[PDB]
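Quick notes on the structure that follows.
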Amino acid sequence: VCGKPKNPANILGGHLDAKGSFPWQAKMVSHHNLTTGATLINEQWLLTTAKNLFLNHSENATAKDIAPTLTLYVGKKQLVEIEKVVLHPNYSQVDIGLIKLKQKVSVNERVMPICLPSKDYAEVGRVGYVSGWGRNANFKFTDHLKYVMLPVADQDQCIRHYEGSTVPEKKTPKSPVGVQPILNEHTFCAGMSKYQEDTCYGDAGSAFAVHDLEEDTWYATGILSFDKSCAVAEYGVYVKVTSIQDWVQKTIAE
Amino acid sequence: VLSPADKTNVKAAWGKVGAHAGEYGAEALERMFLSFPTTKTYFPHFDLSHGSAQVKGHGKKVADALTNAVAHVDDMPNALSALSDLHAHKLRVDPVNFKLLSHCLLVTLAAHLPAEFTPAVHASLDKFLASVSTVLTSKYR
Amino acid sequence: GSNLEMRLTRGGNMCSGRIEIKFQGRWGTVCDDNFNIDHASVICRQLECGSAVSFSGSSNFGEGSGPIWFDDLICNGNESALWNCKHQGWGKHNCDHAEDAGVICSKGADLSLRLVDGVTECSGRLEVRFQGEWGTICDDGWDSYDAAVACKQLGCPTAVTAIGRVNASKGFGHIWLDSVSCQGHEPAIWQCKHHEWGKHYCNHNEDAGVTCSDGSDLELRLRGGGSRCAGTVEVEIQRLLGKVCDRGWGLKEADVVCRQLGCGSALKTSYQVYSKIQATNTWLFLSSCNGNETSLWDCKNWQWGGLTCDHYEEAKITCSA
Amino acid sequence: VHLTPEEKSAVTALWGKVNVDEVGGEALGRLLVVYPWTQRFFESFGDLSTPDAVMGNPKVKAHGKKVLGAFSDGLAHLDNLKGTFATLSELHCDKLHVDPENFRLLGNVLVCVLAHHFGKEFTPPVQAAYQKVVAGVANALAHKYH
Ligand code: HEM
Ligand code: HEM
Ligand SMILES: *[C@@H]1O[C@H](CO)[C@@H](O)[C@H](O)[C@H]1NC(C)=O
Ligand SMILES: *[C@@H]1O[C@H](CO)[C@@H](O)[C@H](O)[C@H]1NC(C)=O
Ligand SMILES: *[C@@H]1O[C@H](CO)[C@@H](O)[C@H](O)[C@H]1NC(C)=O
Ligand SMILES: [Ca+2]
Ligand SMILES: [Ca+2]
Numbered sequence: 148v149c150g151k152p153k154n155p156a157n162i163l164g165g166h167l168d169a170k171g172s173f174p175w176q177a178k179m180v181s182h183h184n185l186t187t188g189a190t191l192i193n194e195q196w197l198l199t200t201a202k203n204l205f206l207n208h209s210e211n212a213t214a215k216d217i218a219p220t221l222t223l224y225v226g227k228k229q230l231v232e233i234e235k236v237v238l239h240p241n242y243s244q245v246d247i248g249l250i251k252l253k254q255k256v257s258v259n260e261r262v263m264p265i266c267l268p269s270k271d272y273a274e275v276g277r278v279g280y281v282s283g284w285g286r287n288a289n290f291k292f293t294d295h296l297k298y299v300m301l302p303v304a305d306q307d308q309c310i311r312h313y314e315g316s317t318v319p320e321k322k323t324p325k326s327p328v329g330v331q332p333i334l335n336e337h338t339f340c341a342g343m344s345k346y347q348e349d350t351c352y353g354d355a356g357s358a359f360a361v362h363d364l365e366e367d368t369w370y371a372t373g374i375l376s377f378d379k380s381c382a383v384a385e386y387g388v389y390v391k392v393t394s395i396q397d398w399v400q401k402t403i404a405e
Numbered sequence: 001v002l003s004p005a006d007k008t009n010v011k012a013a014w015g016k017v018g019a020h021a022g023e024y025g026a027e028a029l030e031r032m033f034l035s036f037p038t039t040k041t042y043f044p045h046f047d048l049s050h051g052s053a054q055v056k057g058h059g060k061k062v063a064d065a066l067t068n069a070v071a072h073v074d075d076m077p078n079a080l081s082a083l084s085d086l087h088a089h090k091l092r093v094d095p096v097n098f099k100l101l102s103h104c105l106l107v108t109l110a111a112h113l114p115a116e117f118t119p120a121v122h123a124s125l126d127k128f129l130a131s132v133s134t135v136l137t138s139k140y141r
Numbered sequence: 154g155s156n157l158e159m160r161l162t163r164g165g166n167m168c169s170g171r172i173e174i175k176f177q178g179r180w181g182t183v184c185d186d187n188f189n190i191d192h193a194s195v196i197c198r199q200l201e202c203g204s205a206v207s208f209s210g211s212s213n214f215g216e217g218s219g220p221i222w223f224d225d226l227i228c229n230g231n232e233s234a235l236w237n238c239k240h241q242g243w244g245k246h247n248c249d250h251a252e253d254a255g256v257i258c259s260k261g262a263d264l265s266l267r268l269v270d271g272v273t274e275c276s277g278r279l280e281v282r283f284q285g286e287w288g289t290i291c292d293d294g295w296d297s298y299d300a301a302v303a304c305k306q307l308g309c310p311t312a313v314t315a316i317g318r319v320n321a322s323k324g325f326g327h328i329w330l331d332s333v334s335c336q337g338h339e340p341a342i343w344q345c346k347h348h349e350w351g352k353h354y355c356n357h358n359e360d361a362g363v364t365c366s367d368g369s370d371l372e373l374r375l376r377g378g379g380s381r382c383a384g385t386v387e388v389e390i391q392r393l394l395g396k397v398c399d400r401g402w403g404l405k406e407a408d409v410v411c412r413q414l415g416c417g418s419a420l421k422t423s424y425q426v427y428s429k430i431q432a433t434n435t436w437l438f439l440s441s442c443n444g445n446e447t448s449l450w451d452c453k454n455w456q457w458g459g460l461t462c463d464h465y466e467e468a469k470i471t472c473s474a
Numbered sequence: 001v002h003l004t005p006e007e008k009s010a011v012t013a014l015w016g017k018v019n020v021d022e023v024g025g026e027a028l029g030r031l032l033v034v035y036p037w038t039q040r041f042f043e044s045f046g047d048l049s050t051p052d053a054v055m056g057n058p059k060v061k062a063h064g065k066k067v068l069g070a071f072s073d074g075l076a077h078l079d080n081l082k083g084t085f086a087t088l089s090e091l092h093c094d095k096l097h098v099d100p101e102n103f104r105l106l107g108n109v110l111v112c113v114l115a116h117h118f119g120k121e122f123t124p125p126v127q128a129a130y131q132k133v134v135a136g137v138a139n140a141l142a143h144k145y146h
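Protein chains in written order, with the entry's author numbering: chain C, 148 to 157, 162 to 405; chain A, 1 to 141; chain D, 154 to 474; chain B, 1 to 146.
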């Protein structure tokens, strides 16, 4: 069953996930002790970002290089072995990888995949929940899973906030941070909350989960790609899942 | 964050502090080394003790970099670009330590700036130092 | 025909704002790419609002909305209307809405300059009236060419021009101009180069000031060293006594002072006990002399008042003679 | 964690001079101004919108007075800190679900306020001792999330 958390909801921010409400969130740790996020999308597959998979590594690395160096946790502290990794054939515009597990994970109250959406929910103003294992205000990996509520931001406002102009040949890097996000038609942006909380180092790979009250179902509308959107820049940038749905179904079928 | 009011206030405080900046940087470093001894292992070739000429010099360098950043506060990624490259690639400084140093710098300012540490100016300086740390940790890998 | 209307929006009056053009009943804007003073002169002419004063991108008036009607205009400033300037065609542009041009004309601006809280009518804090309200200028980049332009505009003597605020309080309210950089030939301070109007980081502790003098009143003396050639360096400017701050005070500056009194060279910045010489509140700051100047007043960009030093102050000299 | 006698003497000798009715409100207010997400837990406190309003809010002052009272109680029981703080940990964790990072965060704000109030007397060794104390208190207070 997709998108039916047992306890539905009512990062340097707040909102500790105390009762457990995001059973699709996974915490991957690299060989050199960095924690990032990943999102269980069915009983055997998870979504993450290419950059997450390329940590600890040279800008030249393959799938068989990366696969044995990863460690992956679901639920609270249950280690799960990874079978393989499939990078998206593109990375200049999409920043996505799929992880395949050796065996099917048992589904329960604490571990359950999020459902993939059939509608485009990324309308301006919609408030989504981002859960993450990332760094807090002290830039230390958080001890407990947390989440924030963020609204989807205007794409053009975001483009202007990061790049000089929206016109391609007029663009110049204006990123308040060192690393530049990937911006194109496959991505959307999202502003922080109103008590000034946002995502930061290590949150990438997490799902922008939207709770559809009409069906009471949670949908992965985005996958956080640019996780440097700490309280210095304004918007995090996410890859639209609707724009990779076909590729996901295909990769799963094969 | 980093609103116009925050930028005005941080610039006011930095500019009044003026050339004492290096002394406060060195005091903040010493406070950090004594209070959070795990941070000492990034400086094995220094002699780490109160009054060290080497710590004084390094704190003066850090202060000068911060004054450069305040002087170029709207184009900070380029201004601090070289130091961010150095800190991520050569020194591999764990990002937590920038939060630790920034806190110790704030404590030093509080301890020496009685009037000039109102809640608004405290908040603006905290946000400024958090921004410097964010830029200097954005190239971690 | 008569189906073309233009207006300025959000600039607080009818003679200042972002350029909006109505065509076929829809309002739209113009990008600031290649936008210049000749275009602004045309616009200010269309509203009978007088001469152009400033042009700026979407920073002073905020971003517009809708179509960008014109881009890469080439027109000479004598055209009867902005839509009569040469253009690549309606709706052809490379600009974004961050490049929406805005203008302020003289009838919507209303500028005048005065000095306030001076020792004389030709010294004090410099205030500009804009749209009826008076405000100050921050001294970020404030130099001797700017002071010379200000002195010239007041009709004050320009032989010697100091920056800074003597007896002038800190201003309040708006800071209208920042990073003023004149060449000295401009007829008014608002025709020099400056940042965008109202966009600044300065605070009211930084206020530009001027002192305009013919040189006949500037006096320099050493007091309290037992002779006229040793002691604390006291200055009298417009009959106001003050002292030189030791920040930036070297042997070159001391040698300039020693030379002005005809005592040869400065031998020591040492301490000697003679008389009492009372303390004051007004300081002269020297940024640097070359040392070949004939007078301390010939050193560039010296600041008279406007800044407060720390405990270290009262530079003193003992010369040989 | 184990404080030596000179560090304990340093801490208690300074603490004897702290004004326990004001400093906790001062630290809580500064926490709310500098780290604004923490206002989520103080909805009943009314207007939390400007620095003057936070620092002047009498309920903020009163709650900070209670918080510092708890700090003082921990300072008097540096060896059995766990039992002293058991009920406060239950309160902050099981009912409010405040993230335990904020105990550390509040501690660092408190250190900054003490530095501002005591100036040169807040020497580097005294700061180090207070950092040890506040780290131990934060770790004790976060015990129920384990
Ligand atoms: C806001 C925080 C900081 C700033 C602005 C800063 C600034 C600087 C500057 C200006 C230099 C000298 C660069 C040069 O000489 O070209 C430097 C060097 C260095 N920094 Fe930092 N620093 C900060 C915090 C830290 C911390 C907390 C650590 C380690 C715990 C660290 C690790 C290093 C190392 C290892 C060096 C090399 C020293 C050398 O080459 O002499 N930095 N930093
Ligand atoms: C860091 C160490 C802290 C300690 C030792 C502490 C201690 C206390 C104390 C003594 C009380 C009063 C309990 C009573 O009167 O029965 C209290 C209540 C409370 N605490 Fe804290 N506090 C701390 C920090 C925080 C933080 C960081 C938050 C929120 C982020 C928080 C949220 C609250 C609230 C909202 C109450 C009042 C609840 C109510 O009145 O219903 N506290 N805590
Ligand atoms: C760091 O990595 C090493 C090597 O994998 C491991 O033994 C150690 O437990 C890790 N430490 C942390 C804090 O994760
Ligand atoms: C990868 O990029 C190529 C070139 O733009 C494009 O044709 C192809 O469709 C992309 N891959 C996928 C899976 O869409
Ligand atoms: C300085 O003091 C007052 C107030 O600014 C001013 O009127 C006066 O002219 C100045 N001093 C002298 C000696 O003229
Ligand atoms: Ca153009
Ligand atoms: Ca100038």
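Backbone N, C-alpha and C define an ideal beta-carbon position, used for all residues, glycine too.
- Using a Cβ-Cβ cut-off of 9 Å, residue 327 of chain C is close to 2, 76, 77, 131, 134, 135 of chain A, given in chain order.
- Within the same chain, Cβ atoms closer than 8 Å to the Cβ of residue 402 of chain D are found at 422, 439, 468, the five residues on either side in sequence being excluded.
- Distance from residue 199 of chain C to residue 250 of chain C at the Cβ level is roughly 6 Å; contact confirmed, criterion being Cβ atoms closer than 8 Å.
- Annotated as proximal: residue 95 of chain A and residue 290 of chain C, with beta-carbon spacing under 7 Å.
- Cβ-Cβ distances below 8 Å link residue 288 of chain C to 163 in the same chain, with the five nearest sequence neighbours on each side left out; the list follows chain order.
- Judged by pairs of C-beta atoms under 8 Å, the region 31-49 of chain B does not touch the region 130-140 of chain A, as fewer than three such pairs exist.
- The alpha-carbon separation between residue 150 of chain C and residue 282 of chain C amounts to approximately 15 Å.
- Residue 166 of chain D carries a strand assignment under DSSP once its states are collapsed to helix, strand and coil.
- Taking 7 Å as the upper bound on Cβ-Cβ separation, chain D lies near residues 311, 316, 317, 318 of the region 303-320 of chain C.
- Taking every protein chain shown into account, the CB of residue 12 of chain A has 16 or more other CB atoms within 10 angstroms, so this residue is buried.
- DSSP, reduced to helix, strand and coil, places residue 401 of chain C within a helical segment of the structure shown.
- One thing to note: residue 248 of chain D has its Cβ no nearer than 7 Å to the Cβ of residue 331 of chain D.
- The beta-carbon separation of residue 188 of chain C and residue 354 of chain C, rounded to 6 Å, stays under the 8 Å limit for a contact.
- At a C-beta separation below 9 Å, residue 11 of chain A has these neighbours in chain D: 354, 355, 356.
- Secondary structure note for residue 362 of chain C: its beta strand (DSSP E) is the uninterrupted segment 358-363.
- By the Cβ rule, the region 191-198 of chain D counts as touching the region 230-237 of chain D, because three or more pairs are nearer than 8 Å.
- Chain-ordered, the chain C residues with CB closer than 7 Å to the CB of residue 247 of chain D read 318, 321.
- Ligand 3 never approaches residue 9 of chain A closely enough for any of its heavy atoms to be under 6 Å from the residue's Cβ.
- Leaving aside the five residues that flank residue 394 of chain C on each side, the residues in its chain whose CB is nearer than 7 Å to its CB run, in chain order, 337.
- Listed by position along chain B, the residues whose Cβ is nearer than 9 Å to that of residue 239 of chain C form an empty set, because the closest Cβ is around 34 Å away.
- Where residue 95 of chain A is concerned, there is no enclosing alpha helix (DSSP H), because DSSP gives it neither an H nor an E.
- Here the alpha carbons of residue 101 of chain B and residue 132 of chain B stand approximately 16 Å from one another.
- Going by beta carbons, residue 67 of chain B and residue 51 of chain B fall outside the 7 Å limit.
- Among the residues of chain C, those whose CB is under 9 Å from the CB of residue 105 of chain B are 287, 288, 289, following chain order.
- Against chain C, a Cβ distance below 9 Å from residue 46 of chain A picks out nothing, because the smallest value is about 23 Å.
- The C-beta of residue 188 of chain C comes no closer than 7 Å to any C-beta of chain B.
- Judged by DSSP in its simplified three-state form, residue 390 of chain C adopts strand.
- Contact check between the region 375-394 of chain C and the region 266-275 of chain C: three or more CB pairs, one atom from each, fall below 8 Å, which counts as touching.
- At least one C-beta of chain A is nearer than 7 Å to the C-beta of residue 330 of chain C.
- Around residue 153 of chain C, no beta-carbon contact reaches into chain B at under 8 Å, the shortest distance being about 17 Å.
- Distances taken from the Cβ of residue 39 of chain A to the heavy atoms of ligand 1 include one shorter than 6 Å.
- If you look at residue 71 of chain B, you'll find it in the alpha helix (DSSP H) that goes 58-75.
- Of the heavy atoms belonging to ligand 2, at least one sits nearer than 6 Å to the Cβ of residue 88 of chain B.
- Residue 272 of chain C is not bridged by DSSP to any residue.
- Out of A/127, A/75, A/100, A/123, the CA that lies nearest to the CA of residue 323 of chain C is found in A/75.
- The C-alpha of residue 3 of chain B lies about 39 Å from the C-alpha of residue 16 of chain A.
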